[PDB]
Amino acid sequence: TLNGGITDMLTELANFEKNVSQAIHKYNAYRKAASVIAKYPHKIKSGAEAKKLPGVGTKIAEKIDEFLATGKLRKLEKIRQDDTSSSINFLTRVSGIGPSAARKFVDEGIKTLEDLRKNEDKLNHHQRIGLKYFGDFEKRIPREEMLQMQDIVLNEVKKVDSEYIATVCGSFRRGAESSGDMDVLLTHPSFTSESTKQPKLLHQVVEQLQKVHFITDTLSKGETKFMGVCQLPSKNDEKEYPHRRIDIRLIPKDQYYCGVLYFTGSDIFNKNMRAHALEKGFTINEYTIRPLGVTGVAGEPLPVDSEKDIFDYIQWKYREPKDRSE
């Protein structure tokens, strides 16, 4: 964290633009700037120095000069004073409350945590569970707990069907010492891009994890993506572990490598790689890499037999998961 003050400032600006201004491109620009500065291996001495990095333009360069001179950004100082901005920023911290609902809640006088708790019947299901576990979902998961969670998930999936493969992705697969949640990629030979030979493949796994009281709540659930809540079991007389967000993604087995690339991330790494794919004439999603035709319409999926194959297509040298934490 050579430049943690700068990257925190840019992250706070990004969140302001997303949550309050609902300006998604500004949000992305600030986040890209913070990510490129975060990996820059020198302590930044001037905006001009920072402007040399891709993603830092004139306006962010100027803010970095103000920050280095004074330790503060007046723009941010005033955003923190604004009650409506501060209200909206808080409400979006609840899972399921985004920029639109936060502002809508604002027009109704429902601001504080106390307000939300009094008006549970104004919340959809996702928002209600996000409020229920508001405190817990702000805590990080130590890697040691991620390992215990991995063991439960993999073993419970094995008990349903030994042919399932469950892989923990996200920051865990990138080797992080702590994670914000648990991301589980799931495959089964019956589900490929060619056929679905078994129904309920994701459901059966969700059900088993509920039976053993690992999964405790559901935020959303369809045939290939589960979003919910889990909790490690605690010993006698021990305080309970925090409840944790879990995401499970069932991916066609023949498309595992595109799937595990997507689900390992980071999010900014994915955006950067997909942007580069487009410049190289390809489009990458969690399923396939496809060439872009002369008019820019995706062609047919290219053959992929490793994560590295995807990097090769777009002429990037391979990056291990630990080096994708952008």
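One-based numbering along the sequence shown. So that the term is clear: the rigid core is the largest set of C-alpha atoms that superpose within 1.5 Å between two forms.
Item to check | Positional deviation of Cα atoms in 7 other deposited structures of this protein after core superposition, greater for 19 to 27 or 299 to 307 | outcome: Of the two stretches, the larger average C-alpha offset in 7 other deposited structures of this protein falls on 299 to 307.
Checklist entry - Taking RMS over all structures and residues, which stretch has CA atoms farther from the shown form in 7 other deposited structures of this protein, 216 to 224 or 76 to 84, after a rigid core fit? => result With the rigid core fitted, 76 to 84 is the stretch that strays more in 7 other deposited structures of this protein.
Checklist entry - Among the other entries of this protein that model both neighbours of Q127, is it absent from at least a third? => result No, modelled in all of them.
Checklist entry - Quick one: across the other PDB entries of this protein we compared, is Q198 left without coordinates in at least a third of them? => result Other entries vs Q198: at least a third skip it.
Checklist entry - Would 116 to 124 or 201 to 209 have the larger average of its C-alpha temperature factors, as given in the entry? => result Per the PDB entry, the higher value belongs to 116 to 124.
Checklist entry - Hey, which bit's got the bigger mean C-alpha B factor in the entry, 239 to 247 or 83 to 91? => result Of 83 to 91 and 239 to 247, the stretch with the higher C-alpha B-factor average is 83 to 91.
Next on the checklist: Looking at the C-alpha B-factor values in the deposited entry, which of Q231, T167, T224, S190 comes out highest?
Outcome noted: That would be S190.
Checklist entry - Would the CA B-factor of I310 place it in the lowest, middle or highest third of its chain? => result Within its chain, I310 is a lowest-third residue by C-alpha B-factor, going by the deposited values.
Checklist entry - Where does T288 sit by CA temperature factor within its chain: lowest, middle or highest third? => result Lowest third - that is where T288 ends up once the chain's C-alpha B-factors are sorted.
Checklist entry - Among the chain's modelled residues, which third holds the C-alpha B-factor of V20? => result Tercile = middle for this residue's CA B-factor.
Next on the checklist: Could you place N155 in the lowest, middle or highest third of its chain by Cα temperature factor, using the values in the record?
Outcome noted: According to the entry, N155 has a C-alpha B-factor in the chain's middle third.
Item to check | Position of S195 among the chain's modelled residues by C-alpha B-factor, lowest, middle or highest third | outcome: Ranked within chain, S195 CA B lands in the highest tercile.
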